[PDB]
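The chain below stands alone and is given in structure tokens; this is the form deposited in one PDB entry.
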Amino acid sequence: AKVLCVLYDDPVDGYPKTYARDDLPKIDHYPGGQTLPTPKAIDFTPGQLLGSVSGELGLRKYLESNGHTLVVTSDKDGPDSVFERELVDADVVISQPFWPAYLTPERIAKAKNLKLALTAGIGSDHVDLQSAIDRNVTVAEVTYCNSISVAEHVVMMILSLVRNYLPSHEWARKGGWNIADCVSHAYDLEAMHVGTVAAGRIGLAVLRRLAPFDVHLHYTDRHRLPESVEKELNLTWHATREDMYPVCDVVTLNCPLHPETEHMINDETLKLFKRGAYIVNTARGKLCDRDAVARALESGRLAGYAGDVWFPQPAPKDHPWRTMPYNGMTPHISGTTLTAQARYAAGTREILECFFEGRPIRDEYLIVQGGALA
């Protein structure tokens, strides 16, 4: 079979030869008890850079030793790219949400061999699902592979905004001391109201990590969590996002982007927020009106905004969120720590083994069953 794998470029100073550490923590399951990926083997050392071009998700030896073709490229955009040229006869396409190779109706129609669209990562925002369905293309994701990674990024970001860490660090880095300039915008998180929009794998992991900070936890979602969960975390439920915002010191967005959630954070909804609110958004950039957030921070409606997600993406050089005051942004990276990569490289391989060997692919992985078993 032909496998077409899109990955992001190596580091600008080359693919690493050494790493900061020698191994990764051992984990057997995800919270709720979903098992970590189970491929028959892996051909990498966990902790290696796998999601960049030279890493190849550690797939090459496995696929080639099995008679397959693997083409890896970062060149994915527009009709002349290596991706689109190689797509025409690829059986399997793989990319990460961090460098997604979009499978539009057009591209799918051109993909005459396409049997599987694998997300090395979580989700399928880059794949046209109806089109996949109309061609019996299996769409699979490595469910849960980086839900925890993102939740940690979220909590890191919340603390850092509230405590004014990034300007404080700049004072240090630049030869300053300047205690008052550091702390005239710095608070403790303790006993603030923090709310999450959605309590899925990410948002729940976030809530659990926030709890011993002694914050008041709020959430809203399509449906409530079990009562036992709401009770162990002392959660306050809100039927709507709009109901939740006004009481929150911090709001974190851990929800899907939909027609209906687009620009859900905009100039008018931002008035529902408490003055000096903080927003963390590792969900989707377009959940927020880009200039509406920039305005709220110039105004002081918001005392902080952070995330790793942007519109559009990659963020152009001049995106206002790079430089707006009290921002704590990163490029789109939370679910691509080396740790997460090791998991999703393993699950990507697990899925391909099942797919090629005619074994069922985990139900939790399947978004669209094509001609795969489940």
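Here the rigid core means the biggest group of C-alpha atoms that line up within 1.5 Å when the two forms are laid on top of each other. From 1 onward, residues are counted along the sequence shown.
Although it is not shown, the form deposited in another entry is what the next lines describe.
Looking at 233, 159, 257, 166 after a core superposition between this form and the one not shown, you find that only 257 has a C-alpha shift of 2 Å or more.
Relative to the superposed rigid core, residue 135 undergoes a CA displacement of at least 2 Å between this form and the one not shown. In this overlay on the rigid core, residue 313 has a C-alpha that sits 2 Å or more away from its partner position between this form and the one not shown.
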